[PDB]
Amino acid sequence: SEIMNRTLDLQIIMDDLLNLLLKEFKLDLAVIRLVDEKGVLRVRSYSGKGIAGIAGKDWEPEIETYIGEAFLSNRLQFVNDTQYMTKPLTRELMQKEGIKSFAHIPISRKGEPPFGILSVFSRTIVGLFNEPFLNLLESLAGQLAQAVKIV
């Protein structure tokens, strides 16, 4: 109940942060996933449209996906131009959704194993993910990590 209310507060924090991110940058979709008790990466927050399609499901982390690789290696993964991906069906599925550019960023406290992924997608531009922007996403991700741990 107290923990319940802190979790509901956590939700609003996450949702507001993704909404501000989409306002400020040429991203069209953003998703936060958190590991549940069973270790599945569950969708807990998202902003923009597309959650009902390709970028929107729950994931058992696995090295064969970009998102599983980010989580499992604790290192960001990104594609600056979807035309040049090496996974041909996945590439095809994503371009069909209009995705030009994407990134998966681990959500972890400094020196600790990640407990989620921040995933972001532009249907708008390629080349979004230069080092300055990756800097900012990792800052966003750290502030999310902090807020979760609070609960």
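Note that residue numbering follows the sequence shown and begins at 1.
Relative to one another, 60 to 68 and 97 to 105 have unequal mean CA B-factors, and 60 to 68 is the one with the higher figure. Across the two stretches, 25 to 33 and 49 to 57, the PDB entry reports the greater mean Cα temperature factor for 49 to 57. The residue among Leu10, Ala141, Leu128, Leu20 whose C-alpha carries the highest B-factor in the deposited model is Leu128. Annotation for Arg44: C-alpha temperature factor in the lowest third relative to the rest of the modelled chain, per the entry.
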